[PDB]
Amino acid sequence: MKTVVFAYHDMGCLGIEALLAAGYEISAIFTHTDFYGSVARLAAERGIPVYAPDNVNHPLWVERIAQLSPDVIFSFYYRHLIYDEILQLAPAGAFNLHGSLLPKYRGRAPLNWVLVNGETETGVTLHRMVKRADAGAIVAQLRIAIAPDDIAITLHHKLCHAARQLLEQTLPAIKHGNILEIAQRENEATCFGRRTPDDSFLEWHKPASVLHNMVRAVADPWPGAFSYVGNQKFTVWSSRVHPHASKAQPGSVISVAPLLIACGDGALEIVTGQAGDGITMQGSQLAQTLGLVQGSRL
């Protein structure tokens, strides 16, 4: 079974590895220009031609892919929609690996959004690729738990592990044409967009648990959840929830050692953070750096 693969980052690398282990012949990999593994370096080491056009949806790339005669196409965290002109070239179709429990969390950054939203489970889905992103029939799915202390990077690794398992289990079935698919239930679908560093703003009126989830969702090496002291941005890199009710106004500094901020329900301890583009520091030092005192209002 011959394939053309669209791949990026760690999911891209493990998808390529899984295909090679399952005995697929990879004729070409399409990727993007740049902590993640490099699909291009993997392709190069494996002797596979690799290409990173900004937009693969060009007549000449369509023609080129056609000339490679793929049986099947895979996408493993390729970022750009691939037009029907390309997808229809492969007689056995096209499959994508998405990092959520479709039909929930279609779209961008499902790793981060499930954390933002306080989910206790997520998963990986392999589905047929169709014109609408993340919307085609499901062929395999694997559910995993999100632990209360998971952060983006730790959940990322768990999703990668799950993807490897799912692919190892499923790729042989595709190769042999055993491949039941079930349509997604559109009434159950949810979809999320690209996140910017700004979508990680901490709003202190929210429950401490919700703010904690935001901190986890974009913890290092993601860009971090943030607030301000006047013109001074600061990032909360790690936190802990103090569930006890405070009579303090949301955003009030309850204490500076440890740095504890009243929320809409409970309080949030800022365990580590940074002021602006300065270095990471413990919360008590951050408090001093920012000029906060007990009773300061954020």
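Quick note: we count residues from 1 along the sequence shown, nothing fancier.
**Count class of deposited residues lacking coordinates, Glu63 to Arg64** = The entry has no gap there; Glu63 and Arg64 are joined directly.
**Request:** Would you determine, from the values in the PDB entry, which of 176 to 184 and 139 to 147 has the greater average C-alpha temperature factor?
**Result:** Of 176 to 184 and 139 to 147, the stretch with the higher C-alpha B-factor average is 176 to 184.
**Item:** 191 to 199 versus 125 to 133 - which carries the larger mean C-alpha B factor in the record
**Value:** According to the entry, 191 to 199 carries the higher average C-alpha B-factor.
**Request:** Identify, among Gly273, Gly266, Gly230, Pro53, the residue whose C-alpha carries the highest B-factor in the deposited PDB entry.
**Result:** If I rank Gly273, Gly266, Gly230, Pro53 by C-alpha B-factor, first place goes to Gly230.
**Message:** I'd like to know which of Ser252, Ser38, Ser27, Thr33 has the highest C-alpha temperature factor in the PDB entry.
**Reply:** Top of the list by C-alpha B-factor: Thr33.
**Prompt:** Mind checking which third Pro243 falls in for C-alpha B-factor across the chain?
**Reply:** Answer is highest: the recorded C-alpha B-factor places it there.
**Prompt:** Compared with the other modelled residues in the chain, in which third is the CA B-factor of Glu17?
**Reply:** According to the entry, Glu17 has a C-alpha B-factor in the chain's middle third.
**Message:** Test of reading the entry: by CA B factor among the chain's modelled residues, which third contains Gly47?
**Reply:** Within its chain, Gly47 is a middle-third residue by C-alpha B-factor, going by the deposited values.
**Message:** Which third, lowest, middle or highest, does the C-alpha temperature factor of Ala109 belong to within its own chain?
**Reply:** For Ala109, the deposited C-alpha B-factor lands in the middle third.
**Message:** Per the entry's values, where does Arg79 land by CA temperature factor relative to the rest of its chain, in the lowest, middle or highest third?
**Reply:** Within its chain, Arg79 is a highest-third residue by C-alpha B-factor, going by the deposited values.
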